[PDB]
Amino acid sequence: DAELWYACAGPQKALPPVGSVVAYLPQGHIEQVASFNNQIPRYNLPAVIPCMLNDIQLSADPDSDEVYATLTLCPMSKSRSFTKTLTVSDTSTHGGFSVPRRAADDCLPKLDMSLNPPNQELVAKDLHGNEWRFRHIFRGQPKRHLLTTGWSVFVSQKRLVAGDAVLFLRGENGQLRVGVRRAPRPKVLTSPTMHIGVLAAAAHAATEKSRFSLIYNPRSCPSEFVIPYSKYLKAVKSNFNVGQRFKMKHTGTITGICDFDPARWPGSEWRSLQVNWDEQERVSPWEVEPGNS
C-alpha cells in the first residue's frame, strides 16, 4: 500500500508523478549516497538534468523495514493516521502499549463503551502484507486506551527500541495498517566507486538521452533531488535577495546568495541560499518560501 510507504518515509514526502518531467539534481544524489559513508575524475555534468520520470517502484526491506524507491529517469532535449514515539514502557517486556487518547478516537475504530471493559482484537497489515493481531482494551484508573495481547511480540519480532516510533493508518476500509519509523542510525562498494558510479551513469544517460535508474532513500536523504521541473523553474525565476525573510515547510533570514560548490558545480542553484535561523545553513530556493504568508 502506497500510503503506508509514504508514512514510514516522512510526512513531507511525495514523489513526482510517473510520466511527468522532473529536475534531476546530481549534487543531491551524491549527498544521499555520501550519507552512507565518510579526488574523483571531473565530469562535465550539469547541475540540473530535466528528465522524464519513466517509472517508480516503492520497496521495503523485509527484515530491517527501511523504505526505498527505485526511479527510472530519461534525460530530455488522506486517511486517518497517528504516530507515537515509543517510550521505555512501550518497548519493555513488562507492560503493553499506551495509545494516545486522540489517536484511539480519531484513528482506531470506535469501541463499544457499553462493554466492561470495552475491547476489540485489531488486525493490521505491515508493509509486506503480514498480519499483526493486537488486543485493544480500554481500562485503567484513570481510564486509558491500551494495546495488550500481541504488542510485545510485535516489539521483539521487529526489534523495536525506545525512541523508535510506531505508525497506524486507517483508510476507508476496515483494514488497518501498521508501520515503523526507526530512530536515526559501505558493504558492496567503496564510496569513491559509488561516487564515480553516480556521475558516470548520469553522464552516459545525459549525453545519449537513454534512461537510467537510481534509489531514493527518504530517511537517509537530506534534500530531495528529484523534484518537479516546474517547481524548479519557478524557483530559478524567483529573485531572492539578502535580508529577505524566508520560511520552511521554522523561519530565518537570507544572509547571502552564492554557489555551494563552485569548484565542481559552478553556477548551480543547489543549496545556493546562505541563511541564518532564528533559534542546515545552506538551502535551495525551491525548499523555502518568503516568510510572510
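Note that residue numbering begins at 1 and tracks the sequence as displayed.
Deposited sequence between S77 and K78: 10 or more residues lack coordinates. Unmodelled residues of the deposited sequence between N38 and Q39: 4 to 9. Higher mean CA B-factor, judged across 237 to 245 and 45 to 53 from the recorded values: 237 to 245.
Between 17 to 25 and 270 to 278, it is 270 to 278 that carries the larger average Cα temperature factor according to the deposited entry.
Within the listed group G95, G150, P100, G197, the record reports its top CA B-factor for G95.
When the C-alpha B factors of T72, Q175, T190, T83 are read from the deposited coordinates, the top value falls at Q175. Split the chain's modelled residues into thirds by C-alpha temperature factor. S230 is in the lowest one. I254 sits in the highest third of its chain by CA B factor, as recorded in the PDB entry. When the CA B factors of the chain's modelled residues are split into thirds, the value for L146 lands in the lowest one. Among all modelled residues in its chain, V166 ranks in the middle third by Cα B-factor. For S64, the recorded CA temperature factor ranks within the highest third of the chain's modelled residues.
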